[PDB]
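Asker: Enclosed is the structure file protein12.pdb (PDB, C-alpha atoms and all ligand atoms).
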MODEL        1
ATOM      1  CA  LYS R 301       0.000   0.000   0.000
ATOM      2  CA  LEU R 302       1.076   3.599  -0.627
ATOM      3  CA  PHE R 303       0.550   5.020   2.865
ATOM      4  CA  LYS R 304       1.839   1.922   4.661
ATOM      5  CA  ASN R 305       3.235   2.482   8.171
ATOM      6  CA  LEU R 306       2.035   6.097   8.109
ATOM      7  CA  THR R 307      -0.221   7.720  10.700
ATOM      8  CA  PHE R 308      -2.160  10.885   9.878
ATOM      9  CA  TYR R 309      -3.698  13.600  12.048
ATOM     10  CA  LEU R 310      -6.679  15.412  10.524
ATOM     11  CA  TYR R 311      -7.149  18.941  11.863
ATOM     12  CA  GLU R 312     -10.438  20.884  11.875
ATOM     13  CA  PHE R 313     -12.059  19.010   8.994
ATOM     14  CA  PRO R 314     -15.875  19.065   8.778
ATOM     15  CA  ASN R 315     -17.577  15.808   9.823
ATOM     16  CA  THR R 316     -18.617  14.895   6.276
ATOM     17  CA  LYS R 317     -15.118  15.361   4.864
ATOM     18  CA  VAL R 318     -13.478  13.442   7.723
ATOM     19  CA  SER R 319     -15.224  10.152   6.924
ATOM     20  CA  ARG R 320     -14.451  10.438   3.210
ATOM     21  CA  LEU R 321     -10.864  11.427   3.968
ATOM     22  CA  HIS R 322     -10.643   8.616   6.524
ATOM     23  CA  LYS R 323     -11.656   5.989   3.969
ATOM     24  CA  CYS R 324      -9.209   7.305   1.372
ATOM     25  CA  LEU R 325      -6.257   7.058   3.764
ATOM     26  CA  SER R 326      -7.369   3.731   5.244
ATOM     27  CA  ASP R 327      -7.755   2.064   1.841
ATOM     28  CA  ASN R 328      -4.150   3.041   1.117
ATOM     29  CA  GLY R 329      -2.612   1.467   4.211
ATOM     30  CA  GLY R 330      -2.666   4.669   6.238
ATOM     31  CA  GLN R 331      -3.861   4.996   9.825
ATOM     32  CA  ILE R 332      -5.476   7.962  11.576
ATOM     33  CA  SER R 333      -5.107   9.249  15.137
ATOM     34  CA  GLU R 334      -6.952  12.060  16.910
ATOM     35  CA  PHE R 335      -3.964  12.649  19.181
ATOM     36  CA  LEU R 336      -0.660  14.389  18.546
ATOM     37  CA  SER R 337       2.189  12.016  19.391
ATOM     38  CA  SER R 338       5.466  10.625  18.038
ATOM     39  CA  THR R 339       3.367   8.175  16.010
ATOM     40  CA  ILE R 340       2.044  10.992  13.803
ATOM     41  CA  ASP R 341       3.781  11.225  10.426
ATOM     42  CA  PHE R 342       1.784  14.050   8.838
ATOM     43  CA  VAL R 343      -0.654  16.708  10.016
ATOM     44  CA  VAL R 344      -3.386  17.367   7.454
ATOM     45  CA  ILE R 345      -5.111  20.752   7.144
ATOM     46  CA  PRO R 346      -8.045  21.723   4.924
ATOM     47  CA  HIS R 347      -6.788  23.689   1.904
ATOM     48  CA  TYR R 348      -9.180  26.552   2.669
ATOM     49  CA  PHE R 349      -8.045  26.922   6.281
ATOM     50  CA  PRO R 350      -6.403  30.325   6.972
ATOM     51  CA  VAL R 351      -2.663  29.930   7.612
ATOM     52  CA  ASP R 352      -2.700  32.690  10.230
ATOM     53  CA  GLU R 353      -5.267  30.789  12.313
ATOM     54  CA  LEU R 354      -3.188  27.601  12.375
ATOM     55  CA  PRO R 355      -1.675  26.437  15.682
ATOM     56  CA  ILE R 356       1.955  25.354  15.997
ATOM     57  CA  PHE R 357       2.666  21.816  14.807
ATOM     58  CA  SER R 358       5.821  19.890  15.687
ATOM     59  CA  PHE R 359       5.148  17.716  12.640
ATOM     60  CA  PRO R 360       5.403  18.149   8.865
ATOM     61  CA  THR R 361       2.206  19.942   7.870
ATOM     62  CA  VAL R 362       0.388  19.529   4.555
ATOM     63  CA  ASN R 363      -3.103  20.038   3.150
ATOM     64  CA  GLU R 364      -5.415  17.370   1.718
ATOM     65  CA  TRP R 365      -4.196  18.194  -1.796
ATOM     66  CA  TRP R 366      -0.880  16.617  -0.799
ATOM     67  CA  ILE R 367      -2.764  13.344  -0.362
ATOM     68  CA  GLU R 368      -4.455  13.752  -3.743
ATOM     69  CA  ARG R 369      -1.098  14.451  -5.393
ATOM     70  CA  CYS R 370       0.384  11.343  -3.785
ATOM     71  CA  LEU R 371      -2.382   9.189  -5.262
ATOM     72  CA  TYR R 372      -2.294  10.869  -8.678
ATOM     73  CA  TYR R 373       1.380  10.068  -9.267
ATOM     74  CA  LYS R 374       1.347   7.014  -6.979
ATOM     75  CA  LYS R 375       4.288   8.081  -4.802
ATOM     76  CA  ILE R 376       5.162  10.102  -1.698
ATOM     77  CA  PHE R 377       6.262  13.684  -2.349
ATOM     78  CA  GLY R 378       8.203  15.942  -0.013
ATOM     79  CA  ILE R 379       6.163  18.525   1.875
ATOM     80  CA  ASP R 380       7.835  21.405   0.023
ATOM     81  CA  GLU R 381       7.751  19.988  -3.513
ATOM     82  CA  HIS R 382       4.564  21.896  -4.366
ATOM     83  CA  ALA R 383       3.280  25.206  -2.992
ATOM     84  CA  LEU R 384      -0.369  24.121  -3.135
ATOM     85  CA  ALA R 385       0.274  20.989  -1.066
ATOM     86  CA  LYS R 386       0.977  23.152   1.983
ATOM     87  CA  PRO R 387      -1.334  25.559   3.827
ATOM     88  CA  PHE R 388      -1.343  28.687   1.665
ATOM     89  CA  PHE R 389      -4.687  30.430   2.067
ATOM     90  CA  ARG R 390      -4.604  33.933   3.530
ATOM     91  CA  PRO R 391      -7.811  36.033   3.745
ATOM     92  CA  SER R 392      -5.683  39.181   3.382
ATOM     93  CA  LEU R 393      -4.983  38.181  -0.228
ATOM     94  CA  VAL R 394      -8.687  38.070  -1.124
ATOM     95  CA  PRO R 395      -9.302  41.811  -1.682
ATOM     96  CA  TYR R 396      -6.348  41.801  -4.090
ATOM     97  CA  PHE R 397      -7.576  38.946  -6.304
ATOM     98  CA  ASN R 398     -11.151  40.248  -6.213
ATOM     99  CA  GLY R 399     -12.545  41.246  -9.600
ATOM    100  CA  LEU R 400      -9.652  39.623 -11.440
ATOM    101  CA  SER R 401     -10.692  37.410 -14.342
ATOM    102  CA  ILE R 402      -8.038  34.772 -15.013
ATOM    103  CA  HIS R 403      -7.619  32.165 -17.746
ATOM    104  CA  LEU R 404      -5.042  29.386 -17.376
ATOM    105  CA  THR R 405      -2.890  27.861 -20.121
ATOM    106  CA  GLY R 406      -0.219  25.153 -20.058
ATOM    107  CA  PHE R 407      -1.586  23.388 -16.979
ATOM    108  CA  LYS R 408      -2.887  19.809 -17.022
ATOM    109  CA  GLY R 409      -4.463  17.184 -14.780
ATOM    110  CA  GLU R 410      -4.423  17.596 -11.010
ATOM    111  CA  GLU R 411      -2.272  20.731 -11.078
ATOM    112  CA  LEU R 412      -4.829  22.552 -13.226
ATOM    113  CA  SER R 413      -7.686  21.418 -10.989
ATOM    114  CA  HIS R 414      -5.933  22.495  -7.786
ATOM    115  CA  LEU R 415      -4.865  25.793  -9.355
ATOM    116  CA  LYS R 416      -8.449  26.678 -10.286
ATOM    117  CA  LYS R 417      -9.654  25.967  -6.752
ATOM    118  CA  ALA R 418      -6.719  27.873  -5.271
ATOM    119  CA  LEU R 419      -7.388  30.973  -7.376
ATOM    120  CA  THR R 420     -11.111  30.734  -6.627
ATOM    121  CA  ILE R 421     -10.833  30.756  -2.825
ATOM    122  CA  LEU R 422      -8.239  33.525  -3.129
ATOM    123  CA  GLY R 423     -10.996  35.721  -4.547
ATOM    124  CA  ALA R 424     -10.345  35.497  -8.279
ATOM    125  CA  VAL R 425     -12.652  34.282 -11.040
ATOM    126  CA  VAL R 426     -11.235  31.498 -13.200
ATOM    127  CA  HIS R 427     -12.544  31.313 -16.767
ATOM    128  CA  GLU R 428     -12.612  28.074 -18.753
ATOM    129  CA  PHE R 429     -11.955  29.962 -21.985
ATOM    130  CA  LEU R 430      -9.829  32.856 -23.199
ATOM    131  CA  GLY R 431     -11.879  35.976 -23.862
ATOM    132  CA  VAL R 432     -11.247  39.582 -24.855
ATOM    133  CA  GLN R 433     -12.277  40.735 -21.374
ATOM    134  CA  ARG R 434      -9.849  38.669 -19.293
ATOM    135  CA  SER R 435      -7.660  40.450 -16.749
ATOM    136  CA  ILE R 436      -4.855  37.892 -16.874
ATOM    137  CA  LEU R 437      -3.657  35.050 -19.068
ATOM    138  CA  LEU R 438      -1.676  32.923 -16.617
ATOM    139  CA  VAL R 439       0.973  30.888 -18.437
ATOM    140  CA  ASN R 440       2.668  27.720 -17.178
ATOM    141  CA  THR R 441       6.325  28.435 -17.913
ATOM    142  CA  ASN R 442       7.421  25.178 -16.273
ATOM    143  CA  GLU R 443       6.372  23.319 -19.419
ATOM    144  CA  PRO R 444       7.216  23.863 -23.098
ATOM    145  CA  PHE R 445       4.579  26.046 -24.772
ATOM    146  CA  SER R 446       2.032  24.024 -26.721
ATOM    147  CA  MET R 447       0.611  25.308 -30.012
ATOM    148  CA  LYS R 448      -2.617  26.135 -28.188
ATOM    149  CA  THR R 449      -0.687  28.076 -25.539
ATOM    150  CA  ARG R 450       1.179  30.076 -28.186
ATOM    151  CA  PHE R 451      -2.143  30.911 -29.857
ATOM    152  CA  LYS R 452      -3.641  32.160 -26.596
ATOM    153  CA  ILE R 453      -0.578  34.323 -25.965
ATOM    154  CA  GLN R 454      -0.849  35.970 -29.390
ATOM    155  CA  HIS R 455      -4.581  36.580 -28.945
ATOM    156  CA  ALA R 456      -4.068  37.924 -25.420
ATOM    157  CA  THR R 457      -1.414  40.298 -26.748
ATOM    158  CA  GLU R 458      -3.768  41.608 -29.441
ATOM    159  CA  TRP R 459      -6.703  41.846 -27.032
ATOM    160  CA  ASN R 460      -4.574  43.629 -24.419
ATOM    161  CA  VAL R 461      -4.968  40.764 -21.962
ATOM    162  CA  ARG R 462      -2.078  40.719 -19.493
ATOM    163  CA  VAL R 463       0.201  37.745 -20.163
ATOM    164  CA  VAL R 464       1.851  36.664 -16.915
ATOM    165  CA  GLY R 465       4.246  33.838 -16.058
ATOM    166  CA  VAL R 466       3.037  31.515 -13.302
ATOM    167  CA  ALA R 467       6.086  32.272 -11.123
ATOM    168  CA  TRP R 468       4.319  35.518 -10.230
ATOM    169  CA  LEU R 469       1.505  33.520  -8.629
ATOM    170  CA  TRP R 470       3.808  31.039  -6.890
ATOM    171  CA  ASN R 471       5.695  33.998  -5.416
ATOM    172  CA  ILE R 472       2.447  35.405  -4.024
ATOM    173  CA  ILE R 473       1.421  32.024  -2.596
ATOM    174  CA  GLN R 474       4.816  31.314  -1.034
ATOM    175  CA  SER R 475       5.470  34.806   0.345
ATOM    176  CA  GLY R 476       1.861  35.344   1.400
ATOM    177  CA  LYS R 477       1.844  38.867  -0.018
ATOM    178  CA  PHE R 478       0.268  40.167  -3.225
ATOM    179  CA  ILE R 479       2.433  41.568  -6.027
ATOM    180  CA  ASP R 480       1.085  44.572  -7.951
ATOM    181  CA  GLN R 481       3.846  44.618 -10.575
ATOM    182  CA  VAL R 482       3.646  41.708 -13.018
ATOM    183  CA  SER R 483       6.124  43.141 -15.531
ATOM    184  CA  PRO R 484       9.018  41.141 -14.130
ATOM    185  CA  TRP R 485       7.025  38.007 -15.020
ATOM    186  CA  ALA R 486       5.597  39.132 -18.355
ATOM    187  CA  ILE R 487       6.224  36.995 -21.441
ATOM    188  CA  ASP R 488       5.972  39.737 -24.089
TER
HETATM  189 CL    CL Y   1     -15.066  31.810 -19.839
ENDMDL
END
Can you turn what I pasted into structure tokens?
Ligand SMILES: [Cl-]
Answerer:
Amino acid sequence: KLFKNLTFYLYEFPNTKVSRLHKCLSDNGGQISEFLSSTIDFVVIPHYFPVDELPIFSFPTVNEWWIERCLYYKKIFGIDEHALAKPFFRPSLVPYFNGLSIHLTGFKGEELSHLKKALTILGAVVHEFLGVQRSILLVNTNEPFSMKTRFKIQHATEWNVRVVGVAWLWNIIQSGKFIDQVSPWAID
């Protein structure tokens, strides 16, 4: 099993989610304790839980998306391998993302799904399609540009949609502070 010999501690999850999350971990060889002890391998936080409201944990802390990532690629990642697998949500970022219409390009699978949800709770509106009236075209620069991505960039340039490298967003997530200037991450 994937989560063999691993004990998890679920923190402040709603009752409905707990049972579902319990079954997912249990069916993968993982155990769950409601106590903090040396047995605990990982502390799991809901992805929408405000970082600032989190208590101090003497254990590696991840969100439930870390579990989903582990199952998607069928292996155990480090806690710092992906910014969305850790607690990241800060309510102070919400007024900054508010009103921003964002379309994503170059992202696939679980990363795309998690990114949409991340941007949504942060106060932004994620659009399934590129339109003339998009605030931002967010480009995945960690992958070679597909033909479709290159098309969207050209259209965004013509339609005066801001073309921004994803590093800009990762920097906001990791630092916890919004960045008004996107020019250092523009593709142009
Ligand atoms: Cl749309």
Asker: May I have a table of the residues of chain R lying at most 8 Å from ligand CL 1 (chain Y), giving each one's closest pair of atoms and their distance in Å to one decimal, counting all atoms listed in the file, ordered by chain and ascending residue number, as a Markdown table?
Answerer:
| residue | atom | partner | partner_atom | distance |
| --- | --- | --- | --- | --- |
| R:403 | CA | Y:CL1 | CL | 7.7 |
| R:426 | CA | Y:CL1 | CL | 7.7 |
| R:427 | CA | Y:CL1 | CL | 4.0 |
| R:428 | CA | Y:CL1 | CL | 4.6 |
| R:429 | CA | Y:CL1 | CL | 4.2 |
| R:430 | CA | Y:CL1 | CL | 6.3 |
| R:431 | CA | Y:CL1 | CL | 6.6 |
Asker: With all atoms listed in the file as the counted atoms, please give the residues lying no more than 8 Å from segment 463-469 of chain R, apart from itself and same-chain residues fewer than 6 positions off, as a PyMOL selection string.
Answerer: chain R and resi 436-441+453+456-457+479+482-483+485-488
Asker: What lies within 12 Å of residue 361 of chain R using all atoms listed in the file, ignoring chain neighbours under 2 positions off, as a short mmCIF file (atom, residue, chain, number, x, y, z; two decimals) with C-alpha atoms, keeping the file's coordinate frame?
Answerer:
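File written: part-v3.cif
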data_model
loop_
_atom_site.label_atom_id
_atom_site.label_comp_id
_atom_site.auth_asym_id
_atom_site.auth_seq_id
_atom_site.Cartn_x
_atom_site.Cartn_y
_atom_site.Cartn_z
CA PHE R 308 -2.16 10.88 9.88
CA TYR R 309 -3.70 13.60 12.05
CA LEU R 310 -6.68 15.41 10.52
CA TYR R 311 -7.15 18.94 11.86
CA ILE R 340 2.04 10.99 13.80
CA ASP R 341 3.78 11.22 10.43
CA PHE R 342 1.78 14.05 8.84
CA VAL R 343 -0.65 16.71 10.02
CA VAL R 344 -3.39 17.37 7.45
CA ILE R 345 -5.11 20.75 7.14
CA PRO R 346 -8.04 21.72 4.92
CA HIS R 347 -6.79 23.69 1.90
CA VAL R 351 -2.66 29.93 7.61
CA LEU R 354 -3.19 27.60 12.38
CA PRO R 355 -1.68 26.44 15.68
CA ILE R 356 1.96 25.35 16.00
CA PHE R 357 2.67 21.82 14.81
CA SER R 358 5.82 19.89 15.69
CA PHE R 359 5.15 17.72 12.64
CA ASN R 363 -3.10 20.04 3.15
CA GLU R 364 -5.42 17.37 1.72
CA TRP R 365 -4.20 18.19 -1.80
CA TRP R 366 -0.88 16.62 -0.80
CA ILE R 367 -2.76 13.34 -0.36
CA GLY R 378 8.20 15.94 -0.01
CA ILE R 379 6.16 18.52 1.88
CA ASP R 380 7.84 21.40 0.02
CA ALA R 385 0.27 20.99 -1.07
CA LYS R 386 0.98 23.15 1.98
CA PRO R 387 -1.33 25.56 3.83
CA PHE R 388 -1.34 28.69 1.66
#
Asker: Rank nothing, just name the residue among R:371, R:422, R:472, R:402 nearest to residue 349 of chain R, using all atoms listed in the file.
Answerer: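 Selected residue with least distance to residue 349 of chain R: R:422.
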Asker: Which one of R:470, R:397, R:313, R:407 sits closest to residue 435 of chain R if you count all atoms listed in the file?
Answerer: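 Of all the options, R:397 lies closest to residue 435 of chain R.
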Asker: Can you turn the PyMOL selection byres (((chain R and resi 416) around 10) and not hetatm) into a concrete residue list for this file, as a list in words?
Answerer: residues 402, 403, 404, 410, 411, 412, 413, 414, 415, 417, 418, 419, 420, 421, 422, 424, 425, 426, 427 and 428 of chain R
Asker: Can you work out the spacing between atom CA of residue 301 of chain R and atom CA of residue 329 of chain R in Å, to one decimal?
Answerer: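 It comes out at 5.2 Å.
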Asker: Using all atoms listed in the file, which residue out of R:333, R:405, R:338, R:484 lies closest to residue 360 of chain R?
Answerer: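 Smallest distance to residue 360 of chain R is found for R:338.
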Asker: Could you check the closest approach to residue 350 of chain R for each of R:460, R:392, R:475, R:446 and tell me which residue wins, using all atoms listed in the file?
Answerer: R:392
Asker: Considering all atoms listed in the file, can you say which of R:471, R:322, R:442, R:432 comes closest to residue 458 of chain R?
Answerer: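 Among R:471, R:322, R:442, R:432, it is R:432 that comes nearest to residue 458 of chain R.
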Asker: In the coordinates of the file, take the point (-4.9, 3.0, 4.6) and a cut-off of 9 Å; then, counting only C-alpha atoms, name each qualifying protein, DNA or RNA residue as a short mmCIF file (atom, residue, chain, number, x, y, z; two decimals) with C-alpha atoms, in the coordinates of the input.
Answerer:
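Now in out04.cif:
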data_model
loop_
_atom_site.label_atom_id
_atom_site.label_comp_id
_atom_site.auth_asym_id
_atom_site.auth_seq_id
_atom_site.Cartn_x
_atom_site.Cartn_y
_atom_site.Cartn_z
CA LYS R 301 0.00 0.00 0.00
CA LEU R 302 1.08 3.60 -0.63
CA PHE R 303 0.55 5.02 2.86
CA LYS R 304 1.84 1.92 4.66
CA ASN R 305 3.24 2.48 8.17
CA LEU R 306 2.04 6.10 8.11
CA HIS R 322 -10.64 8.62 6.52
CA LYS R 323 -11.66 5.99 3.97
CA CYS R 324 -9.21 7.30 1.37
CA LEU R 325 -6.26 7.06 3.76
CA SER R 326 -7.37 3.73 5.24
CA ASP R 327 -7.76 2.06 1.84
CA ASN R 328 -4.15 3.04 1.12
CA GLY R 329 -2.61 1.47 4.21
CA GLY R 330 -2.67 4.67 6.24
CA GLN R 331 -3.86 5.00 9.82
CA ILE R 332 -5.48 7.96 11.58
#
Asker: Just give me the gap between atom CA of residue 477 of chain R and atom CA of residue 393 of chain R in Å, one decimal is fine.
Answerer: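 Calculated distance between atom CA of residue 477 of chain R and atom CA of residue 393 of chain R is 6.9 Å.
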Asker: What is the distance, in Å and to one decimal place, between atom CA of residue 334 of chain R and atom CA of residue 314 of chain R?
Answerer: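 That distance, rounded to one decimal, is 14.0 Å.
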Asker: Here is a test: counting all atoms listed in the file, which residue of R:452, R:478, R:337, R:381 is nearest to residue 396 of chain R?
Answerer: R:478
Asker: Kindly provide, as JSON, the centre and edge lengths (Å, one decimal) of an axis-aligned box around all atoms of segment 301-304 of chain R given in the file, with 3 Å on each side.
Answerer:
{"center_x": 0.9, "center_y": 2.5, "center_z": 2.0, "size_x": 7.8, "size_y": 11.0, "size_z": 11.3}
